[PDB]
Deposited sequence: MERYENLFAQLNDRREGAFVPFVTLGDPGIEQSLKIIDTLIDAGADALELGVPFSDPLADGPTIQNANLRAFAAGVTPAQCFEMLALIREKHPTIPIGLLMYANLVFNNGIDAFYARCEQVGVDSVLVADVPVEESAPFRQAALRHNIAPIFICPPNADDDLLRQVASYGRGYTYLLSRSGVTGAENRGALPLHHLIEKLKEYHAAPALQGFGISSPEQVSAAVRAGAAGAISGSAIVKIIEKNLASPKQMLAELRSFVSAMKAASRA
């Protein structure tokens, strides 16, 4: 399987950027999370980035910190997340599915066994938040052995050595970081140099993420040369705001994703 490659070729054929929502698996519960994900796809999501609840999400701001706690309040475990992932792939054969993981959940029962499990359920990529490229060798090797793309963060300040490592080691897409700090839609600039040098070094297509919460940010990223945009906290805010109204939650989710996805054409 090469789902990112097929998606980007198809988007490039349509002069179109990708819009990629992030949500936490099992937030606010397993059944509602499955409906949430189906609505994001039904509203025009090109790919998915999916978080597995972890006790200590040290790269996440309050919005996604709270999604993790909501998922834990429902008893969501990594095993249940992988059951969900298998069902999602079974409903949606072509959409790329990427996981956002913390290292201990990958290392816990064996690095190789984790990536084998990803392959078995149909996952396409894994970004391990607290594994920098300098520490990544066992993770990216296990990923590639199981046909999983290892995703790497390209931060604002990347020197040329980091750019070359990210271009050489990453697959699927390059995660182009919009700023320092942690995730959150409360804190919001794609520099043409990084996007240009990434293309010069034959990196995987760049997706911009962190703070992406408005349609014009999606269009701005594609215009800068990124292949698309990832939006997290802004989606999870809709989940948080509408917990008491499961149906209104799905409808507001549908409207926001459709708005963001339209901005990438």
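- Numbered from the first deposited residue, the unresolved ranges run 189-190, 268.
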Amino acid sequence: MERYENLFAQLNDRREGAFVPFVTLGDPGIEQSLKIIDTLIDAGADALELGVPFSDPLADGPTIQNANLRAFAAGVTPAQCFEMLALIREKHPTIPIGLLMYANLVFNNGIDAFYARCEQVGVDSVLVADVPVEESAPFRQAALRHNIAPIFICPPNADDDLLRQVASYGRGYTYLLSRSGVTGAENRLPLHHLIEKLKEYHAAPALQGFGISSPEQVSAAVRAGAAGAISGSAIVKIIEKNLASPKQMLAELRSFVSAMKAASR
From here on, numbers count along this sequence of modelled residues.
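Just so we're on the same page, rigid core means the largest C-alpha set that superposes within 1.5 Å between forms.
- Between 169-177 and 101-109, the larger mean CA deviation from the shown form in 8 other deposited structures of this protein, after core superposition, belongs to 101-109.
- Larger average C-alpha displacement in 8 other deposited structures of this protein, relative to the shown form after a rigid core fit, is seen for 210-218 when comparing 30-38 with 210-218.
- Of the other entries compared for this protein that flank it with modelled residues, all give atoms for residue 136, so not even a third lack it.
- Annotation: residue 184 belongs to the positions left without coordinates in at least a third of the other compared entries, with flanking residues modelled.
- The PDB entry reports B-factors from which the mean C-alpha value can be compared for 54-62 and 37-45; the larger average falls on 37-45.
- The question of which stretch, 78-86 or 176-184, has the higher mean Cα B factor is settled in favour of 176-184.
- In the deposited coordinates, the residue among 111, 154, 121, 189 with the greatest CA B-factor is 189.
- In this PDB entry, residue 146 carries a Cα temperature factor that places it within the lowest third of its chain's modelled residues.
- Among all modelled residues in this chain, the alpha-carbon of residue 164 has a temperature factor (C-alpha) in the middle third.
- Residue 127: CA B factor in the lowest third of modelled residues in this chain (values from the PDB entry).
- In this PDB entry, residue 103 carries a Cα temperature factor that places it within the lowest third of its chain's modelled residues.
- Ranked by C-alpha B-factor against the other modelled residues of its chain, residue 97 falls in the lowest third.
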